[PDB]
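Chemist: next one to model:
(12 chains, ligands or ions: 2)
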Amino acid sequence: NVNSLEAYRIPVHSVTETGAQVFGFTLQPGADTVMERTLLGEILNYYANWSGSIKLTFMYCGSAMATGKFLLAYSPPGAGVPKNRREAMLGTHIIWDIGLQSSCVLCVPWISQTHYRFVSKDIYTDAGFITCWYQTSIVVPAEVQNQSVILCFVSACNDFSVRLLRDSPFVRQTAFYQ
Amino acid sequence: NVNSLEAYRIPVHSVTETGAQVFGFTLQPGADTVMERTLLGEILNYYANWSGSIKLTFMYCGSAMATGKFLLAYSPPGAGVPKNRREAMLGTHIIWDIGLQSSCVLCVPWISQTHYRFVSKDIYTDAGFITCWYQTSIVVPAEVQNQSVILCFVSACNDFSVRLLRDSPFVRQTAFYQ
Amino acid sequence: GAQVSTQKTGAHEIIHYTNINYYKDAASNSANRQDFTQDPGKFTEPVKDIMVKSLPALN
Amino acid sequence: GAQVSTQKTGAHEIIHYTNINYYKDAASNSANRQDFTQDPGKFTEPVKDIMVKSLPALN
Amino acid sequence: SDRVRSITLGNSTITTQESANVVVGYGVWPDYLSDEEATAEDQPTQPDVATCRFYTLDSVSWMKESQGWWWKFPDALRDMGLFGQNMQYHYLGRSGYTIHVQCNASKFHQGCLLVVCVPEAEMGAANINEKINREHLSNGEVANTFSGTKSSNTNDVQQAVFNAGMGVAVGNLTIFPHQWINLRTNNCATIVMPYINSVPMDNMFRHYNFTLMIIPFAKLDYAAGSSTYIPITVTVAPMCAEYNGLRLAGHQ
Amino acid sequence: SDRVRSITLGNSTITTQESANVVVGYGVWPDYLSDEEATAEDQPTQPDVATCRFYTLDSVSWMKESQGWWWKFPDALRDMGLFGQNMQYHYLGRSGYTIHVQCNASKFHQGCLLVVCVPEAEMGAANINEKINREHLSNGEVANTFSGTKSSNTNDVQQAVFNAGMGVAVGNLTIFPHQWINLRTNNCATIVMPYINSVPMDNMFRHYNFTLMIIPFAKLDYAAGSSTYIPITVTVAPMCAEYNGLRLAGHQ
Amino acid sequence: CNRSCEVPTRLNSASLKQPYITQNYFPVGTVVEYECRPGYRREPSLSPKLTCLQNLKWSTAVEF
Amino acid sequence: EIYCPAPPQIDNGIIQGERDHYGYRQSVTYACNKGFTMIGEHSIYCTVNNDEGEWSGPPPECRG
Amino acid sequence: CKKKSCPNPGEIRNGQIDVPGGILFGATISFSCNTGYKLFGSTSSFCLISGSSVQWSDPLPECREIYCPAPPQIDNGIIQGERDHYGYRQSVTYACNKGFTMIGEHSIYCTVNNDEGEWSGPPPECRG
Amino acid sequence: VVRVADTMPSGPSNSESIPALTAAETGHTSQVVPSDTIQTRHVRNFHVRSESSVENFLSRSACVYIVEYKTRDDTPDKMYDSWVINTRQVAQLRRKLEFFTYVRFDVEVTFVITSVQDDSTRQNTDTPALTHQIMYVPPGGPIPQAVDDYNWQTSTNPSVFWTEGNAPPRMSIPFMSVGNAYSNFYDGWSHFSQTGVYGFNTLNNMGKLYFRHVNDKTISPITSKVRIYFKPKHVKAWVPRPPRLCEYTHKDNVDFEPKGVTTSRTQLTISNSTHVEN
Amino acid sequence: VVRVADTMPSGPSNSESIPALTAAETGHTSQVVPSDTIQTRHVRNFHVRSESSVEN
Amino acid sequence: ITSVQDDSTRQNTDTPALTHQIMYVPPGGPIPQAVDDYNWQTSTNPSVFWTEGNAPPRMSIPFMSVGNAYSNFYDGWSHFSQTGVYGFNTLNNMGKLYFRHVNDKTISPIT
Ligand SMILES: CCCCCCCCCCCCC/C=C/[C@H](O)[C@H](N)CO
Ligand SMILES: CCCCCCCCCCCCC/C=C/[C@H](O)[C@H](N)CO
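Modeler: Numbering: from 1, shown residues only, chains lettered A, B, ... in the order given. Ligands and ions are numbered 1, 2, ... in the order given. Please find the structure below.
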């Protein structure tokens, strides 16, 4: 789905059993493959240190008759990835009720021991995990499409900062362009 | 007529049909062949940018019994060269009546999108066209010579400016002069 | 005709430097690496009828 | 014995420079590239009985 | 001297050195329509200097036996730049006019012209109870020509100079704003017509506002050796033009 | 409620009842060129409300597997009444724009659109080192259409949605003034672009100012029995337009 | 004896396939193709091909 | 379309750019040879009188 | 001396001519046909030398019109106003007979992919 | 800072004021502002006639000449060189200075010295750094005749020494003239009887430069060439003059081949292009 | 010297004030301070957006 | 600027210090066609000389553009008829640099 517009479409539908899940990735805006080539991640790859909070916005692009609740959760590192919904509700979560305001904001705060983390991968500055959980279900009436799509956004807060100018690991040149 | 004083003599006579024409050139004081080796054009060839308005003065050097009217017109670029007198009267023109004041002034203003144009030729800073039209005719009495001569002058206004010192493309040397 | 500014220094623990311009053109001067202002209100919040962020901002 | 002038700069958006003369002769000094005055009234309009430019200036 | 006049409109300028007195209108100068005499309700288009400027029509040749020429002026300016373009997109329009007629000769020449602006010059047909084609009334920027004898072309205007097309004595046409171009002393044919109608705005195509006529009363006459080709050039400007009722492109 | 908005320009008015917030520009409102940043010397033509009004472009049909459409807006308004006529007679011109994109469905429908105005969206060619025809960049009021797979039509634009023609990540196009038409809740696609260029006035034909793109990220999806034909209508207005350098009629 | 390129760019994770690994004389417009070395695996977002350009130098080849 | 007839040739003189057909409002300009002097107007033009093509005047003449 | 000028290339009907560097000796012009139109012949000419003057190296090319093939007939349903030829951006609207129900989109339209006419999707179907 | 003049707004006009009708017969350039013929707008213009001043036009490091001399020649005359100082053997600075009839300035003078090893059999050497002497001889002084002449001992004449590898030599020179200004053009004779030499050659009288290697005769020939770069500064100029059309032929007169006025055309009117097709 | 913005302390909340529920459909980036969703503490932050300026 | 002695038979020399010239030609000026061309005499064109072993050459250049700013992207054509060249290549127009050795022809090649 990389070679399509399906990379941005997160599937959501009605599930025959709750306690479930939707997705998850690792909070590394410039090391993780998910938010690597994003606007924040490409500004952030010319640097080598970062600091501050990170926002996540989830636009539910489904029908107006559809409704449901989600569990948007952040887990600081030190333990593993949570495997249940009840392990992920011990973290920093918000329960999102879909309604007339079709989007919500998960704010990932700055929980660290150092003032800075590396924009590349080291084990000393691990940053946590972001998971989303089917909490209840998707409930639709008759003659309404069950399978809908969530879109996820990312940006930075007003306390975000970058520090060490380096060259980006994505530019590559073999010969002069002529 | 380059190798004579006939380069400066513009012919004018009585024409058997009006709606006509007299001459025309391209407003490039240092690129166009007409005003290339002029005083303004030779000051202007040591530079590479110019700006400001340009004057044109037309001394009618004919008899004192001769009379007639002309259409002195400037056409900003974007369309082609006008081919009628009615296409050239859509521009910036003045109608010149020959009388006791034997000369008139066509003032070419600064109609541009940039502050500067190049004194050499590029397509991005085209500057327009200068044409003169038999509007009516030359009317003379008996035993008076029909064929007379217009002289054209050029100078610059009080808002004219030149910018980039370069060497002139007209100096050429092969060996030392001894 | 010198001018004295502050040096970039650490926090939680005002050193000055001096500067003289030697050339007649302003393109010759050293680069201005000490302007830290910003205004991200034309890219974020680029709307009409400015929102409140506590109201629903709809209906 | 220094002297402080203004640098040549752009318009629509007063920077100073300093100058010291080191040699005893005035032919040694740097060139005066900042005099922008003019008076084109001896080459243009070089006549007697100064015209008005709105009158016919004849008869 | 008062023989010299400059006239500046838009990006166009006319200089004359043998003017006599610039003739100008019924005493009234053109001005935009007030909102106390107005009828249409939407905002007018006072376009710019892009219409209020001089346009040069075609030249007619004055020979020894020429009789007279005429134009119809809201219709003659129908392909003259953005002015004509506004005519094709609006329903109602309104303007005064600065007409400047030029003609020159030498001092060994003789002959006299009459230049009249006639409002509502409704022409009569050559054969009596028969229609007139529009191409015989107004031919755009191209002049129609009077004759000396009575004319009998089909679907055409009765063109005798001594009745001026309308059916009056041609020496009585000095009741309208006019001048003379006596080749002894003139070139100053202005007539700055105001807007003259019986309604505050009008359609440019369906109505002709006035008619310019250039009739030589003392014919052109010269000795052998002088210039035999003497053109007459008519230049015309709209003044305080405005437009109303914008819709699709009109009737060509 | 703040879901309702009226927009009045000239003799045209748009009412919407499911607006969300009318999106408008870089924070800057369009205004006429000041005479302290001006370059050209003759008097500008601020024409009237005759250009500052809404024009409706063609409608494109949003199917289940549609990918995206684009326009080039100084060039798309080239036959839209007197606006386009001023483009053909002047050399320099300048305007902001009020773009209002409309699209509607029912509450049993789902799907989401992105509406971006991109300044200087220089498109890349399908085959690499080869010219592009002008008809493939801008087709007037008629939209060009992106694809899903890479394209290899000769003298044509590389049209993949996931690179947006320009060669970037398509999720990064929210850096430009934009909206979303989520069919759950929207119709309010304004973008009131100011004049954005690197020169105070520019040519309308030789330069394209910006590019409107309507890309569905969450595709249109409905159950059997709903209306399958869902059009998308784009309406566009010039604001504070002015024109300069009048000459003969231009390049069609 | 036309113009020819050099040996294609030696990558530390890919080797040439086997019409191209032996033969010299690469003219202009020649495409060559790489395979994953043992033991590596393909990255699907990159196409492992190299075109030799007009100036007798290959296109940029980084890590396939 | 109404046409004037063929324009009359003058003695000792030619027509500058003689067209094959002459419609309404169109003129012929008469030149004159070396050693001859024009008399009268240079050009006559085409008229319609009684729905009939007709030249407006007599052609000029060159004496010398 | 100075360069000679080749003749003015003029126009291609339903195509462009791109003249980046004038039409002097040693120039290059390029050729491209519009949307829905296909180029047949030459893509470029040079202002070469020909005898005692300069001429263009290739003759003027031609822009033929691209057509999608005949639209597929659906079972139990006709086409509203079926045209004989279908060019670019043009669509067929499928109707449906009495006693039958449409499934899917009504209309498909004509596309060009790899310089080739092609309908955009499958035609619909009427079950009843 | 002296900006250029601005454009003022105007409107319609119908009066006996005629700025377009002038008399060019009275030696007089008309001063028609563009707001007098067309209707203009208010333009606040911020341009400066800065880089068109005579200082900013002439104060660039121009040149005058190239000079060649060797360090091992069998003939003793090619071991040093000399140059009688004028500014009229290179056409660019000559034409630029001959825009004006009188000039008055100081000169900043720079030398650019480059040495090339000549061709010989024993071409593999170990040569130390060459050292050059540039001696100026004022008008009338004694001239050297060899490289080991004792006239090079520069006790009163100003001379400059230079070592290979450093910054180039540069020195300033005041207004060294006997009149009130320099003469670009002199319409007269040297003798009172209107005989002798004609033109500007009577007034040059600047003395001359002499160039040698300070080192002794090397074991392999090396040719050195020094380029004299003249650069005027502190400039005043009087009674301007048209730019020259024809090409220069010699350095001591103004003699020329008659060249036409400009480049030709094929016809006196313009039109649209008649090349290839649509 | 223009430091980055600080974090303010907060507490429990039960009201009709909803900073998390926004509309991303209005071209608008939400400006949720981290003290609006979780209970935070007073952080006096001393970081400078210095080396991210367009000159630097 | 770095120089490498090329490969030849007579490779043992005694070469003095190389001197370089970098001449800038503004857009429209005359171009050199050889190393002994007289267009290198830099009377109005700015040129920089450099000797082997010193600090590298460095000079400052003002905002040399005809518009109000530089353009990274241009969505338009060179000709008014929407033909010609497309993109940012219409607006480059910076002139060009020319590079030579000030010395005469050596007895061994050095690149
Ligand atoms: C040891 C270094 C001394 C260098 C001496 C070289 C220059 C000394 C002579 C003065 C230069 C005069 C400049 C040219 C004079 C006038 O401009 C010309 N006659 C042109 O009219
Ligand atoms: C003798 C030394 C002179 C050196 C001259 C070299 C540079 C002179 C040219 C000016 C450089 C312009 C910098 C690049 C311009 C813009 O950024 C590009 N168009 C990118 O948009």
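
Chemist: buried residues, the longest strand seen in chain G. List them.
Modeler: In chain G, assigned by DSSP state E, the strand with the most residues is strand G:31-36. When neighbours are counted by 16 or more other CB atoms under 10 Å in any protein chain shown, the buried residues of strand G:31-36 are found to be G:32, G:34. For the C-beta atoms, the positions are set from N, CA and C on the backbone; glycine is no exception.

Chemist: measure how buried residue 142 is and give me the count.
Modeler: I went with chain A, as the question did not name one. For residue A:142, the neighbour count with other CB atoms under 10 Å in any protein chain shown is 7.

Chemist: hm, I was asking about chain J
Modeler: Neighbour tally, residue J:142, other CB under 10 Å: 9.

Chemist: hmm, it is touching residue J:151, no?
Modeler: Yes - under the criterion of CB atoms under 8 Å, residue J:142 is in contact with residue J:151, at a separation of 5.4 Å.

Chemist: is chain E within reach of the longest strand belonging to chain H?
Modeler: When every strand of chain H is counted residue by residue (DSSP E), the longest turns out to be strand H:43-49. Yes - in this structure, strand H:43-49 sits against chain E according to CB under 8 Å from any CB of the partner chain; the contacting residues are H:43, H:45, H:48, H:49.

Chemist: just those that are near ligand 1?
Modeler: For ligand 1, no contacts are drawn from the residues of strand H:43-49 next to chain E by CB under 6 Å from any ligand atom.

Chemist: out of the residues you listed, which end up buried?
Modeler: So, of the residues of strand H:43-49 next to chain E, H:43, H:45, H:48 end up buried under the neighbour-count rule (16+ other CB under 10 Å).

Chemist: OK, contacts around the closest residue to chain D within chain C?
Modeler: When CB to the nearest CB is the measure, chain C has its nearest residue to chain D at residue C:1, with 3.9 Å between them. The neighbourhood of residue C:1, defined by CB atoms under 8 Å, 6 or more residues apart in numbering or on different chains, consists of C:20, C:21, D:2, D:4, D:16, D:17, D:18.

Chemist: can you give me the strands in chain C?
Modeler: Listed in chain order (using DSSP E), the strands of chain C are C:3-6, C:16-19.

Chemist: what packs against the first one?
Modeler: In this structure, strand C:3-6 makes packing contacts with strand C:16-19, judged by 3 or more CB pairs under 8 Å, 6 or more residues apart in numbering or on different chains; DSSP states H and E.

Chemist: which one of the residues of strand H:43-49 next to chain E is nearest to residue F:119?
Modeler: residue H:45 (58.6 Å; CB to CB).

Chemist: what's the longest helix in the chain?
Modeler: As the question left the chain open, I've gone with chain A. For chain A, the helix that runs over the most residues, judged by DSSP state H, is helix A:39-44.

Chemist: you answered for a different chain; I wanted chain J.
Modeler: If you go by DSSP H, chain J has its longest helix at helix J:91-97.

Chemist: mind telling me what element the one residue in chain H that gets nearest to chain C is part of?
Modeler: Using CB to the nearest CB, the point where chain H gets nearest to chain C is residue H:25, with a distance of 61.5 Å. Counting by DSSP states H and E, residue H:25 is held by no secondary-structure element, helix or strand.

Chemist: in chain A, which spans are helices?
Modeler: Listed in chain order, the helices of chain A (DSSP H) span A:39-44, A:85-88.

Chemist: list the contacts for residue 53?
Modeler: By default, I'm working from chain A. Contact analysis of residue A:53 by CB under 8 Å, 6+ apart lists A:107, A:108, A:109, A:110, A:156, A:157, A:159, A:160, K:34.

Chemist: can you look at chain C instead?
Modeler: Going by CB under 8 Å, 6+ apart, residue C:53 touches K:19, K:22, K:30, K:31, K:32.

Chemist: need those in TSV (columns: distance to chain D).
Modeler: Written out in TSV, the entries for the contacts of residue C:53 read as follows (distance: CB to the nearest CB, whole Å):
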residue	distance to chain D
K:19	39
K:22	38
K:30	34
K:31	31
K:32	36
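
Chemist: tell me which of these is nearest to chain F?
Modeler: When those are compared against chain F (criterion: CB to the nearest CB), the nearest one is residue K:22, at 11.1 Å.

Chemist: could you find the closest non-adjacent residue to the closest one?
Modeler: For residue K:22, ignoring the flanking residues on the chain, the nearest one in space by CB to CB, 6 or more residues apart in numbering or on different chains is residue K:30 at 4.4 Å.

Chemist: so can I have JSON lines of the strands of chain C showing mean neighbour count?
Modeler: Rendered in JSON lines, the data for the strands of chain C read as follows (neighbours: other CB atoms under 10 Å in any protein chain shown):
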{"stretch": "strand C:3-6", "mean neighbour count": "10"}
{"stretch": "strand C:16-19", "mean neighbour count": "9"}
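
Chemist: among the ones you listed, which comes closest to residue F:185?
Modeler: strand C:3-6 (51.3 Å).

Chemist: could you export that closest one as CSV, CA atoms only?
Modeler: Below are the C-alpha coordinates for strand C:3-6, written out as CSV (Å, rounded to 0.1, in the frame of the first residue of the first chain):
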residue,chain,number,x,y,z
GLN,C,3,28.9,47.6,18.5
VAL,C,4,28.8,45.3,21.5
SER,C,5,26.4,42.4,21.7
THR,C,6,25.8,39.3,23.9
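
Chemist: neighbouring strands - and their directions - for that strand?
Modeler: Counting by DSSP bridges, the strands paired with strand C:3-6 are strand C:16-19 (antiparallel).

Chemist: now do the contacts for residue 7.
Modeler: I'll assume chain A. A:1, F:162.

Chemist: the intended chain is chain E.
Modeler: Under the criterion of CB under 8 Å, 6+ apart, the contact partners of residue E:7 comprise E:13, E:14, E:15, E:22, E:98, E:100, E:190, J:13, J:14.

Chemist: again, 7 Å this time
Modeler: Residue E:7 sits next to E:13, E:14, E:98, E:100, J:13, J:14 when contact means CB atoms under 7 Å, 6 or more residues apart in numbering or on different chains.

Chemist: can you count the residues close to the last one?
Modeler: Translated: residue J:14. Counted with other CB under 10 Å, the neighbours of residue J:14 add up to 16.

Chemist: next one: it from residue E:239, what distance?
Modeler: Here the distance between residue J:14 and residue E:239 works out to 10 Å (CB to CB, to the nearest Å).

Chemist: returning to what we had before: and the residues of strand H:43-49 next to chain E, which is closest to residue A:141?
Modeler: Using CB to CB as the measure, the one of these that approaches residue A:141 most closely is residue H:48, at 82.5 Å.

Chemist: the closest one touches residue E:155, doesn't it?
Modeler: No - no contact is recorded between residue H:48 and residue E:155 when judged using CB atoms under 7 Å, the distance being 11.7 Å.

Chemist: circling back to that earlier point, mind exporting the longest strand of chain G as PDB, just the C-alpha atoms?
Modeler: The C-alpha trace of strand G:31-36 is given here as PDB (Å, rounded to 0.1, in the frame of the first residue of the first chain):
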ATOM      1  CA  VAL G  31      19.900  -0.700 -18.200                       C
ATOM      2  CA  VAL G  32      21.500  -3.200 -15.900                       C
ATOM      3  CA  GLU G  33      19.800  -5.000 -13.000                       C
ATOM      4  CA  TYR G  34      21.000  -6.100  -9.600                       C
ATOM      5  CA  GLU G  35      20.000  -9.000  -7.400                       C
ATOM      6  CA  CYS G  36      20.200  -9.300  -3.600                       C
END
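
Chemist: ok now that strand, how far from the chain's centre?
Modeler: Here the centre of mass of C-alpha atoms in strand G:31-36, compared against the chain's by CA atoms, centre = their mean, to the nearest Å, lies 5 Å away.

Chemist: need the helices for chain J, in chain order.
Modeler: Using DSSP H, the helices of chain J run over J:54-58, J:91-97.
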